[PDB]
Amino acid sequence: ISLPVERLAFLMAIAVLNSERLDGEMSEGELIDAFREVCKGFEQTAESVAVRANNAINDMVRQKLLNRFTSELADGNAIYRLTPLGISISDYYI
Amino acid sequence: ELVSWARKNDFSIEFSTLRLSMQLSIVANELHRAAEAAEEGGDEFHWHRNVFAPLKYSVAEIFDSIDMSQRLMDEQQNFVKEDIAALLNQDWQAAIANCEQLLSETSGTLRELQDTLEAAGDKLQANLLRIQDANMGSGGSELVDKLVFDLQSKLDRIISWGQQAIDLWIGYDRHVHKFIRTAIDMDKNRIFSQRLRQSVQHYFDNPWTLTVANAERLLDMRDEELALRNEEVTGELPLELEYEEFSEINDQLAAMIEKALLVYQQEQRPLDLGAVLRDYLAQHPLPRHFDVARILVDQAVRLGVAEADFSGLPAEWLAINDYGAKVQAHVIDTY
Amino acid sequence: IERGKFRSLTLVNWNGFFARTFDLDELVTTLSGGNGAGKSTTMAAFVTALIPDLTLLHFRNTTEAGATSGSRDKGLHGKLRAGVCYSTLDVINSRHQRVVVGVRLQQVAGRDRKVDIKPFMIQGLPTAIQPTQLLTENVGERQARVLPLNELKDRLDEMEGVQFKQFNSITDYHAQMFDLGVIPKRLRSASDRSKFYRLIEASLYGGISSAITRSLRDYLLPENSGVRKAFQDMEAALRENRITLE
Amino acid sequence: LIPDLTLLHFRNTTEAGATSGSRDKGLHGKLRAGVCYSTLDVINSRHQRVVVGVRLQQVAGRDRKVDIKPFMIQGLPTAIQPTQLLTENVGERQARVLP
Amino acid sequence: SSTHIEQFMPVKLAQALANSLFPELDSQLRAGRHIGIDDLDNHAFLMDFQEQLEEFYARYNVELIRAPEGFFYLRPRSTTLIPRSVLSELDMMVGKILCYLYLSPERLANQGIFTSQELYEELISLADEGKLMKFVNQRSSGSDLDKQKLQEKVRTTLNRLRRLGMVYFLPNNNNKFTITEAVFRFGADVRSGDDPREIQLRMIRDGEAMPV
Amino acid sequence: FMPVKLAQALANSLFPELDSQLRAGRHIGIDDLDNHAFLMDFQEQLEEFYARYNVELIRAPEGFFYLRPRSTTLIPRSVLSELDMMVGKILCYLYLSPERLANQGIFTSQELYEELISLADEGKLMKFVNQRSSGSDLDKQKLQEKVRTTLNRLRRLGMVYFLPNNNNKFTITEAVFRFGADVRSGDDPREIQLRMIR
Amino acid sequence: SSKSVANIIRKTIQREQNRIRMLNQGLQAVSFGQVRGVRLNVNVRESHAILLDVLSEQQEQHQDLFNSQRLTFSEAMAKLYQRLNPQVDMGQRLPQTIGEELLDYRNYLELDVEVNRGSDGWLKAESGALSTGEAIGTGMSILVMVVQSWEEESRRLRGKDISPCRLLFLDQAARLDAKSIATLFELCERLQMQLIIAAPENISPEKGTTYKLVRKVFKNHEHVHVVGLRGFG
Amino acid sequence: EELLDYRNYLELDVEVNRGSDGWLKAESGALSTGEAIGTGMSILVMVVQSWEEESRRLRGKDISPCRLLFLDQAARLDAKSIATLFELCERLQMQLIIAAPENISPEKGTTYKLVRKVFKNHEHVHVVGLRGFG
DNA sequence: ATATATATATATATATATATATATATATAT
DNA sequence: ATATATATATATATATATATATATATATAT
Ligand SMILES: Nc1ncnc2c1ncn2[C@@H]1O[C@H](COP(=O)(O)OP(=O)(O)OP(=O)(O)O)[C@@H](O)[C@H]1O
Ligand SMILES: [Mg+2]
């Protein structure tokens, strides 16, 4: 369990979008967009946007924060969902 | 916008279906009670204590609980995939039956969960629409509508996932079989796999390369290089914008004619364009005459119609001045 | 909220215009003048500044609006003088930020009446700097000269607080304009750009555009992916069923 | 002048050359129920006063169809106007068009 | 009789060569592209007229070969009328790794969709990091700049193999891909349980694989 | 089915080699007697056969045949470098009339190298080798090597027939006219070719 | 799968119908010639409602059509649409393309423009039955609704503090009379819409800014002179 | 059959002396609205003249067919162009019917003012006529 | 002695398939 | 880090095939 400010903010944005998502599904094509926006707000460019986004998504997935599902038809060919621990961490503040 | 909020915050660091059924029953009872309370009606305080405190908190919490149950099933889905993957590493050809069972049970569990979800989604939606209908019982019930608008999606969203997850699993399942039908059928003993691993590890002890057809590409003629036009154009830069003003003489003339003509409408006097134009043009010099005639007509034709125009008898071209000006119009009678 | 606005339009080295800036009105700006005065030329220069997509740009006469003329020429090339030309728009953001977008145009030497376009943007320009002057260098006695993109970049870079950018794709140019509340819709795809140009082009000639009415469904109603997904799901199911039957 | 249904298509001024889009030609809606007439009067180089014209009728039906019949008249007095020929000055306020 | 197709060509070969699918398949094949079960139309076309096309291509001194896995390709001869070329050693490393991923059940959850990062991670896991890096640059010593260079080289080789049909980028994503059965050729040196040095001599004799 | 004479043409034993050389972009002139005669005979069908590939089989006014890929060409296309067209135009110029007394149809790499150096502008030479270059020995050696490479590439296309030996001395074929400019009534071939080169 | 499909299409259609019907009230009885008001009519197509019904409940009955090796899915759908509801009498368009067209939900709605011409009520707007000015005003109305829709859709992406610019054009404005122009001005101002209009003569002397252009031959080339104009003096 | 026609042997073009430049082919894309309209009118009158010339030899020598043309939305033209058109049509003995929503006020010829109203629950067009001015 | 039904021809315009040109992404190479 | 080549997608215009609706001449009922 290690959530820097950017990762935590990305998680909160993801939760907000899921709340405003119609059917409660999140393809990675939108996760990357959310990460782009949060990193832009936080004003830091260690590497490219894509590599940082991929690393962060993988880190949360392995940190038991997101669940990934392989769906070719989905935008980005994957569907992501908040895990119960991620839900708890997000709603702890929300 | 939430990014600044997070930045300034500065922070950092049960799959049983009987459960789902009992939460669904509780939700049905509470939702029906709240809908009936709303339908009965009451004052603002009654409306509140019956549709905002009981409903809001209870429905939010229990929909969240149901969603958490779905997430726990999702976690179980992930874990069973991982378990199958690990099993195929340990038994290879002998785990086929085990994996098929696990797939069967997981699919069945998914079927029961979807069935339980759809067992009450429609009626709960009906109750929510009933609460929507009863919401309008007061003008201050705006917040209720939000919930009656929010609590919709969640429910439907939940049901959506109940199928979408399944849509995913029935896919994954197939893939697994293909693997068993493809990966292990030609590697029953798995020896080929180990031998490939050792070949990879010790490839450069005997570096070999395959041969592939490498037909030539059809070389083409490069299109002529494009050269733009450069001429270093120079010229005088424009001065400050001048200005001109519009003459309202025609406006004054129109006002004069409208005032002179309003009397005809006032008295409903039959207007004859010939005589009126002939009389009025005498007040102006000839070059302006046209610009007068037009305006007068514009003012005159808005005042009633001419009844003779339905008689089928064409009107004549009455002269209205010297120099040869003529007009064709019936008398304006019907104001 | 205060909506952004178009302040002015600047034309450089155009057919008839050397360097002319018309200041727009908050509600209505009108142009008058006899036939062939160049009003049509002005609208063309504007829209070019807005949508520099050369494929979409096609200046048919008001007559034969949408009727194929077989001229093979889009009509833009003859509207420009030899050498460099510019078309720029000043816009005040709802954030009350003065941003100058623009495009450099240049005829391509050769029998083909083809042209090159390079978009560009400037942010933070001081309110006192007028585009007409910013794009021109006063050389000689009251005989200002136009300066190319390299010269313009050098001039701007020399000044402080102004951000100049040049875009390699009209896509990014559109993205930035959308970012600054210049464009209602995000022209992510070429189809987006085509629809946009369709809208503006119809307005220019005015009245009922056949394409607009025919595609009203597309233009008004948004696209939905969930329906597409459900259809694809059906497709997979049917394909499997046919496989089994065969 | 040209009473041919195939050629007659009153597209709006806008879209002077664009496709049909719809099926209608725009003529039917310009008429009124009943029998209508459109007539020209001409004076030849021979100074013969000739009245050419067409009778129109909105063909009743599901569609907006029109029937057109041409005709010509010669030897008319210069003093008689076309409207008089085609309309009966009945006692009612408004005249009556005759077939 | 005269004016009769059989005078010159078998009927089925002429029908195959006049089929709409023939040109694209031929261009891809001559380019070196392998054909798998996924291209159902092209694969079925090859199955139907397999013999006609092998005998046709024999005129070019190149063998149309169907591996037991069921994927067709071309092997030029020393007297090939169509030029021939050999894959790089890095290409071999990546091809062997792809065969592993095709056969690896651990990544089954991926369901066949893989990212270049995962491929690189697996490659470095099984291979020798620095001694493999030696080939990327002779003056590499673990420098992260050279690390990025190796990642980029792996990406380029992956693109090339995609060109050969061994891998498909996803209809919308060029950063994710799906493996094809053609990759099995990278294991042809180990598909037979014999001495590696004899399988290598057999393969090189067959023209399957040259040395370096 | 298939056209019968098209089937006859494809079956001809010359077809494999000719097809490979065409798909490689090579130009078949009058020198290749068998191939040129075959193409003359069976053009009406090879044009259709290669149109099935979204390519056009063109017989030049000079007579030589070649393949022009369309935008939708099914044969992987490629584009010649700038130096490639420059060298092609140099040879087209050298397909001159005084050439007969100059080299009797046999040129050497030195002739081409000197002509290119004297005739071309420095900026394009640097663009060929590299922008940052400025009149150096290494740059000139690389330029000469690239000249040799493009000469080999032209040989691949059939533009230039090497005289058989390791040494670089060759002859120029008529197909080189592809690089040439159009000829009008009374125009000097030298003047138009040089104007194009300039 | 078919049942679920039909369901999602139905939901999407209902949502969009409601949204458009709510939007319709953004218009206030524009005055253009005999046109007194403009409106958008959205209605599910019964020819398509029948299709939805069959898909949702009687998919199996026509499996014969679906499972034909000759027909692709789009072609299968087109053939089914043909089988039922054959009186529509579609044209010579290929089954393929019509099928894909069917694969779009929006197609299932008749989306039409209604005008309150004179006292004839609301009638379908056909260019062939409208005066030039009437048609021009109708168009401008349509374009303004479209831009409003685009802006609304982008509300989510855009920041809360930015309202995109609004600007349209009209060449050869002389085609319009004073009343129509005044109607257009009131509409545009109500909608905060900027406008650039052209006409040889100054048709709008009393509103917005005005400029007058004159082209002069000058040293064997051309120059345009611009002069400002003012409503009153 | 195309070759069988002499007309096909001929290439026909329309050229205009635009401004300081010489004669250029009239491209619809290279002209302003009024210029295009005027050129079209010119060509129309040319066609009319050609057709009359063709038909005369099959007609009585004392027959001069009527000539009459239209121009809707004439407001697209300026006064200068309109006067040029009037002069041209007069010089060619050709009658014109031009429509303008009150924007222009051509002094010469007949003018007809129109207004639509409702009367007896029916649309009516009140009409007025003027002429002789100038 | 007249008016309606048939067959023919024609232009309309509808749709498809083709070919072109431009923009884009992006992978290479200096 | 950026110039350049290559593949892909879209819009646009051309050309052709084809169905539709109308006009014209003849046939046949009244
Ligand atoms: N591409 C071009 N090539 C040559 N001349 C052109 C071109 N575009 C415009 N012109 C000429 O430039 C002048 C300006 O035309 P433009 O249509 O812009 O003027 P205008 O005042 O709007 O005219 P109108 O109202 O008649 O359309 C006219 O002479 C036109 O012929
Ligand atoms: Mg103009």
# chains A, B, ... in the order shown; residues from 1 in each chain; ligands from 1
>>> residues_around(residues="residue 103 of chain F", least_positions_apart="4", cutoff="12 Å", atoms="only C-alpha atoms (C1' of nucleotides)", output="list in words")
residues 94, 95, 96, 97, 98, 99, 107, 108, 111, 112, 169, 170, 171 and 172 of chain F
>>> write_last_selection(atoms="N, CA, C and O atoms", output="CSV table (one decimal), in the first residue's frame")
chain,number,residue,atom,x,y,z
F,94,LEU,N,23.6,12.5,-70.7
F,94,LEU,CA,24.7,11.9,-71.4
F,94,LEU,C,24.3,11.0,-72.5
F,94,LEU,O,25.1,10.6,-73.3
F,95,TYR,N,23.0,10.6,-72.6
F,95,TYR,CA,22.5,9.9,-73.8
F,95,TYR,C,22.4,10.9,-74.9
F,95,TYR,O,21.3,11.3,-75.3
F,96,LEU,N,23.5,11.4,-75.3
F,96,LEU,CA,23.6,12.7,-76.1
F,96,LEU,C,24.0,12.3,-77.5
F,96,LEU,O,24.4,11.1,-77.7
F,97,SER,N,24.0,13.2,-78.4
F,97,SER,CA,24.6,12.9,-79.7
F,97,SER,C,26.1,13.0,-79.8
F,97,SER,O,26.7,12.0,-80.2
F,98,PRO,N,26.8,14.1,-79.4
F,98,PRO,CA,28.2,14.1,-79.3
F,98,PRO,C,28.7,12.9,-78.4
F,98,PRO,O,29.9,12.6,-78.5
F,99,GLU,N,27.8,12.3,-77.6
F,99,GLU,CA,28.2,11.2,-76.8
F,99,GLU,C,28.9,10.1,-77.6
F,99,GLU,O,29.8,9.4,-77.2
F,107,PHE,N,30.6,4.6,-70.7
F,107,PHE,CA,31.0,5.6,-69.8
F,107,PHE,C,31.6,4.9,-68.6
F,107,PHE,O,31.6,3.7,-68.4
F,108,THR,N,32.3,5.7,-67.7
F,108,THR,CA,32.9,5.2,-66.5
F,108,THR,C,32.4,6.0,-65.4
F,108,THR,O,31.9,7.2,-65.5
F,111,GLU,N,33.3,9.7,-65.2
F,111,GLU,CA,32.6,10.7,-66.0
F,111,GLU,C,31.4,11.2,-65.3
F,111,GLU,O,31.2,12.4,-65.2
F,112,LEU,N,30.6,10.3,-64.8
F,112,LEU,CA,29.4,10.6,-64.1
F,112,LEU,C,29.7,11.5,-62.8
F,112,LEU,O,29.1,12.5,-62.6
F,169,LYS,N,32.5,0.5,-65.2
F,169,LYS,CA,32.3,1.1,-66.6
F,169,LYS,C,31.2,0.4,-67.2
F,169,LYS,O,31.1,-0.8,-67.2
F,170,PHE,N,30.3,1.2,-67.8
F,170,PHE,CA,29.0,0.7,-68.1
F,170,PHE,C,28.5,1.3,-69.5
F,170,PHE,O,29.3,2.1,-70.1
F,171,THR,N,27.3,1.0,-69.8
F,171,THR,CA,26.6,1.6,-71.0
F,171,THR,C,25.2,2.0,-70.6
F,171,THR,O,24.6,1.5,-69.6
F,172,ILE,N,24.6,3.0,-71.3
F,172,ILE,CA,23.4,3.6,-71.0
F,172,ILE,C,22.3,3.1,-72.0
F,172,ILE,O,22.6,3.2,-73.2
>>> interface_residues(of="chain I", to="chain F", cutoff="9 Å", atoms="only C-alpha atoms (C1' of nucleotides)", output="list in words")
residues 19, 20 and 30 of chain I
>>> residues_near_ligand(ligand="ligand 2", cutoff="6 Å", atoms="only C-alpha atoms (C1' of nucleotides) and all ligand atoms", output="PyMOL selection string")
(chain C and resi 35-36+38-40) or (chain H and resi 32-33)
>>> residues_near_ligand(ligand="ligand 1", cutoff="7 Å", atoms="only C-alpha atoms (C1' of nucleotides) and all ligand atoms", output="PyMOL selection string")
(chain C and resi 15+33-42+75-79) or (chain G and resi 172+199-200) or (chain H and resi 29-35+76-77)
>>> residues_around(residues="segment 52-63 of chain A", least_positions_apart="2", cutoff="10 Å", atoms="only C-alpha atoms (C1' of nucleotides)", output="ChimeraX atom specification")
/A:1-3,6-8,10-11,28,31-36,39,45-50,65-68,80-83,85-86 /E:117
>>> residues_around(residues="residue 123 of chain C", least_positions_apart="3", cutoff="6 Å", atoms="only C-alpha atoms (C1' of nucleotides)", output="list in words")
residues 99, 162 and 163 of chain C
>>> atom_distance(atom1="atom CA of residue 9 of chain F", atom2="atom CA of residue 56 of chain E")
14.2 Å
>>> residues_around(residues="residue 82 of chain B", least_positions_apart="4", cutoff="9 Å", atoms="only C-alpha atoms (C1' of nucleotides)", output="MDAnalysis selection string")
(chainID B and resid 77:78 86:87) or (chainID E and resid 106 108:109)
>>> write_last_selection(atoms="N, CA and C atoms", output="compact mmCIF listing (two decimals), in the first residue's frame")
# COMPACT_ATOMS: atom_id res chain seq x y z
N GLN B 77 -13.53 -13.99 -9.32
CA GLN B 77 -13.26 -14.31 -10.72
C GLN B 77 -11.77 -14.25 -11.01
N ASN B 78 -11.14 -13.16 -10.59
CA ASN B 78 -9.71 -13.02 -10.81
C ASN B 78 -8.96 -14.15 -10.13
N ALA B 86 -2.29 -21.40 -12.31
CA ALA B 86 -1.29 -22.09 -11.50
C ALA B 86 -1.45 -23.59 -11.61
N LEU B 87 -2.69 -24.07 -11.68
CA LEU B 87 -2.92 -25.50 -11.77
C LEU B 87 -2.36 -26.07 -13.06
N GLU E 106 0.79 -19.44 -17.90
CA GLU E 106 0.77 -18.46 -16.82
C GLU E 106 0.08 -17.17 -17.24
N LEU E 108 -2.31 -16.88 -19.33
CA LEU E 108 -3.59 -17.17 -19.95
C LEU E 108 -4.59 -16.06 -19.67
N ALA E 109 -4.50 -15.43 -18.50
CA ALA E 109 -5.43 -14.36 -18.16
C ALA E 109 -5.37 -13.26 -19.21
>>> select_by_dssp(residues="segment 2-94 of chain A", states="strand (DSSP E)", output="list in words")
residues 26, 27, 66, 67, 68, 69, 70, 78, 79, 80, 81 and 82 of chain A
>>> residues_around(residues="residue 122 of chain C", least_positions_apart="3", cutoff="12 Å", atoms="only C-alpha atoms (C1' of nucleotides)", output="ChimeraX atom specification")
/C:88-91,97-103,119,125-126,129,131,134-135,152-153,156-157,159-167,173,176-177,180
>>> closest_atom_pairs(of="chain G", to="chain D", cutoff="10 Å", atoms="only C-alpha atoms", output="Markdown table")
| residue | atom | partner | partner_atom | distance |
| --- | --- | --- | --- | --- |
| G:126 | CA | D:22 | CA | 7.5 |
| G:127 | CA | D:12 | CA | 5.5 |
| G:128 | CA | D:26 | CA | 4.7 |
| G:129 | CA | D:26 | CA | 5.5 |
| G:130 | CA | D:12 | CA | 6.9 |
| G:131 | CA | D:12 | CA | 7.1 |
| G:132 | CA | D:13 | CA | 6.0 |
| G:133 | CA | D:13 | CA | 9.6 |
| G:135 | CA | D:12 | CA | 8.0 |
| G:136 | CA | D:14 | CA | 8.3 |
>>> write_last_selection(atoms="N, CA and C atoms", output="CSV table (one decimal), in the first residue's frame")
chain,number,residue,atom,x,y,z
G,126,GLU,N,-39.8,21.3,-46.9
G,126,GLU,CA,-39.2,20.9,-48.1
G,126,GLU,C,-38.7,22.2,-48.9
G,127,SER,N,-37.4,22.1,-49.3
G,127,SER,CA,-36.9,23.3,-50.0
G,127,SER,C,-37.8,23.6,-51.2
G,128,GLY,N,-38.4,22.6,-51.9
G,128,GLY,CA,-39.2,22.8,-53.1
G,128,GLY,C,-40.5,23.5,-52.8
G,129,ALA,N,-40.8,23.8,-51.5
G,129,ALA,CA,-42.1,24.4,-51.2
G,129,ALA,C,-41.9,25.6,-50.2
G,130,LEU,N,-40.8,26.4,-50.5
G,130,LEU,CA,-40.5,27.4,-49.5
G,130,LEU,C,-39.8,28.6,-50.3
G,131,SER,N,-40.1,29.8,-49.9
G,131,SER,CA,-39.5,30.9,-50.5
G,131,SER,C,-38.0,31.0,-50.1
G,132,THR,N,-37.2,31.7,-50.9
G,132,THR,CA,-35.8,31.8,-50.7
G,132,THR,C,-35.5,32.3,-49.3
G,133,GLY,N,-36.1,33.4,-48.9
G,133,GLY,CA,-35.9,33.9,-47.6
G,133,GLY,C,-36.3,32.9,-46.5
G,135,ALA,N,-36.5,29.7,-46.7
G,135,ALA,CA,-35.6,28.6,-46.6
G,135,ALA,C,-34.3,29.0,-45.9
G,136,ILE,N,-33.8,30.2,-46.2
G,136,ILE,CA,-32.6,30.7,-45.5
G,136,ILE,C,-32.8,30.8,-44.0
>>> closest_residue(among="E:112, E:136, E:196, E:179", to="chain A", atoms="only C-alpha atoms")
E:112
>>> interface_residues(of="chain A", to="chain G", cutoff="12 Å", atoms="only C-alpha atoms", output="PyMOL selection string")
chain A and resi 17+20-23+33-34+37
>>> write_last_selection(atoms="C-alpha atoms", output="tab-separated table (two decimals), in the first residue's frame")
chain	number	residue	atom	x	y	z
A	17	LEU	CA	-15.74	9.05	-13.61
A	20	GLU	CA	-20.59	9.48	-13.61
A	21	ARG	CA	-20.14	6.50	-15.92
A	22	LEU	CA	-23.45	5.23	-17.27
A	23	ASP	CA	-23.16	1.46	-16.84
A	33	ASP	CA	-7.11	10.05	-20.58
A	34	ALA	CA	-7.81	10.45	-16.87
A	37	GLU	CA	-5.44	15.01	-17.11
>>> closest_atom_pairs(of="chain G", to="chain C", cutoff="6 Å", atoms="only C-alpha atoms", output="Markdown table")
| residue | atom | partner | partner_atom | distance |
| --- | --- | --- | --- | --- |
| G:1 | CA | C:234 | CA | 5.4 |
| G:5 | CA | C:230 | CA | 5.3 |
| G:67 | CA | C:242 | CA | 5.7 |
| G:135 | CA | C:207 | CA | 5.7 |
| G:136 | CA | C:207 | CA | 3.8 |
| G:139 | CA | C:207 | CA | 4.6 |
| G:146 | CA | C:220 | CA | 5.9 |
| G:150 | CA | C:185 | CA | 5.7 |
| G:151 | CA | C:184 | CA | 4.9 |
| G:162 | CA | C:94 | CA | 5.1 |
| G:163 | CA | C:3 | CA | 4.7 |
| G:164 | CA | C:181 | CA | 4.2 |
| G:165 | CA | C:4 | CA | 4.9 |
| G:169 | CA | C:204 | CA | 5.0 |
| G:170 | CA | C:204 | CA | 5.0 |
| G:171 | CA | C:204 | CA | 5.8 |
| G:194 | CA | C:27 | CA | 4.7 |
| G:195 | CA | C:28 | CA | 4.9 |
| G:196 | CA | C:29 | CA | 5.2 |
| G:197 | CA | C:30 | CA | 5.1 |
| G:198 | CA | C:31 | CA | 5.0 |
| G:199 | CA | C:32 | CA | 5.3 |
| G:200 | CA | C:33 | CA | 4.7 |
| G:201 | CA | C:32 | CA | 5.5 |
| G:202 | CA | C:32 | CA | 5.6 |
| G:208 | CA | C:28 | CA | 4.6 |
| G:209 | CA | C:29 | CA | 4.8 |
| G:210 | CA | C:30 | CA | 4.6 |
| G:211 | CA | C:31 | CA | 5.0 |
| G:212 | CA | C:32 | CA | 4.7 |
| G:213 | CA | C:33 | CA | 4.9 |
| G:214 | CA | C:37 | CA | 5.8 |
| G:215 | CA | C:37 | CA | 5.6 |
| G:222 | CA | C:16 | CA | 5.1 |
| G:223 | CA | C:16 | CA | 4.3 |
| G:224 | CA | C:16 | CA | 5.1 |
>>> write_last_selection(atoms="N, CA and C atoms", output="compact mmCIF listing (two decimals), in the first residue's frame")
# COMPACT_ATOMS: atom_id res chain seq x y z
N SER G 1 -28.97 -12.59 -27.03
CA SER G 1 -28.21 -11.45 -27.53
C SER G 1 -29.12 -10.50 -28.30
N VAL G 5 -29.94 -6.62 -27.43
CA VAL G 5 -29.73 -5.58 -28.43
C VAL G 5 -30.97 -4.71 -28.51
N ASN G 67 -29.19 -17.91 -40.79
CA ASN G 67 -28.22 -18.98 -40.92
C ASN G 67 -27.95 -19.35 -42.37
N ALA G 135 -36.51 29.69 -46.69
CA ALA G 135 -35.56 28.60 -46.61
C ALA G 135 -34.30 29.03 -45.89
N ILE G 136 -33.82 30.24 -46.17
CA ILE G 136 -32.58 30.71 -45.55
C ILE G 136 -32.76 30.80 -44.04
N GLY G 139 -32.86 27.34 -42.51
CA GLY G 139 -31.52 26.80 -42.38
C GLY G 139 -30.81 27.39 -41.18
N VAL G 146 -27.90 23.15 -34.13
CA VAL G 146 -26.83 22.17 -34.21
C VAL G 146 -25.64 22.62 -33.38
N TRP G 150 -23.88 20.78 -30.20
CA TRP G 150 -22.46 20.47 -30.11
C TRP G 150 -21.87 21.05 -28.84
N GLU G 151 -22.20 22.30 -28.53
CA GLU G 151 -21.69 22.92 -27.31
C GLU G 151 -22.14 22.14 -26.09
N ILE G 162 -15.12 28.30 -19.33
CA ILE G 162 -14.93 28.70 -20.72
C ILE G 162 -16.21 28.41 -21.49
N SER G 163 -16.69 29.42 -22.22
CA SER G 163 -17.83 29.27 -23.12
C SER G 163 -17.36 29.50 -24.54
N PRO G 164 -17.47 28.52 -25.44
CA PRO G 164 -16.82 28.64 -26.74
C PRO G 164 -17.41 29.78 -27.56
N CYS G 165 -16.59 30.31 -28.46
CA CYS G 165 -17.02 31.38 -29.33
C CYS G 165 -18.16 30.92 -30.24
N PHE G 169 -22.02 32.93 -40.74
CA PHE G 169 -21.87 33.76 -41.92
C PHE G 169 -23.10 33.70 -42.81
N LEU G 170 -23.23 34.73 -43.64
CA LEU G 170 -24.30 34.77 -44.64
C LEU G 170 -23.87 35.70 -45.78
N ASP G 171 -23.47 35.11 -46.90
CA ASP G 171 -23.18 35.90 -48.08
C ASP G 171 -24.47 36.20 -48.85
N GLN G 194 -22.32 35.64 -32.97
CA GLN G 194 -21.71 36.61 -33.87
C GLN G 194 -22.01 36.24 -35.31
N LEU G 195 -22.09 37.26 -36.16
CA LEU G 195 -22.50 37.06 -37.54
C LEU G 195 -21.68 37.94 -38.46
N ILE G 196 -21.33 37.39 -39.61
CA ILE G 196 -20.66 38.13 -40.67
C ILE G 196 -21.49 37.99 -41.93
N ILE G 197 -22.01 39.10 -42.42
CA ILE G 197 -22.94 39.08 -43.54
C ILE G 197 -22.41 39.98 -44.64
N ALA G 198 -22.76 39.63 -45.87
CA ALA G 198 -22.30 40.36 -47.05
C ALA G 198 -23.47 40.69 -47.96
N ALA G 199 -23.43 41.88 -48.54
CA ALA G 199 -24.43 42.32 -49.51
C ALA G 199 -23.86 43.52 -50.25
N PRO G 200 -24.12 43.65 -51.56
CA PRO G 200 -23.55 44.80 -52.29
C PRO G 200 -23.94 46.13 -51.68
N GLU G 201 -25.19 46.25 -51.24
CA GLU G 201 -25.70 47.46 -50.62
C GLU G 201 -25.80 47.27 -49.12
N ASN G 202 -25.69 48.37 -48.38
CA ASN G 202 -25.75 48.29 -46.92
C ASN G 202 -27.17 47.98 -46.47
N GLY G 208 -24.83 46.85 -35.50
CA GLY G 208 -23.48 46.34 -35.57
C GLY G 208 -22.54 47.26 -36.32
N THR G 209 -21.36 46.76 -36.66
CA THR G 209 -20.37 47.54 -37.39
C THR G 209 -20.51 47.27 -38.88
N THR G 210 -20.12 48.25 -39.69
CA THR G 210 -20.28 48.15 -41.14
C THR G 210 -19.02 48.67 -41.81
N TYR G 211 -18.68 48.06 -42.95
CA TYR G 211 -17.52 48.47 -43.72
C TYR G 211 -17.87 48.42 -45.20
N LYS G 212 -17.24 49.29 -45.99
CA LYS G 212 -17.52 49.38 -47.41
C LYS G 212 -16.22 49.28 -48.19
N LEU G 213 -16.20 48.41 -49.19
CA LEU G 213 -14.99 48.04 -49.90
C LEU G 213 -15.09 48.48 -51.36
N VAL G 214 -13.97 48.97 -51.89
CA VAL G 214 -13.90 49.40 -53.28
C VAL G 214 -12.58 48.93 -53.87
N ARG G 215 -12.63 48.28 -55.03
CA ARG G 215 -11.44 47.75 -55.68
C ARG G 215 -10.99 48.72 -56.76
N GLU G 222 -4.08 45.43 -58.40
CA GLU G 222 -5.33 45.82 -57.76
C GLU G 222 -5.11 46.10 -56.28
N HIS G 223 -5.91 47.03 -55.76
CA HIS G 223 -5.92 47.31 -54.33
C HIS G 223 -7.35 47.53 -53.86
N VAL G 224 -7.65 47.04 -52.67
CA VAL G 224 -8.97 47.22 -52.07
C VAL G 224 -8.88 48.31 -51.02
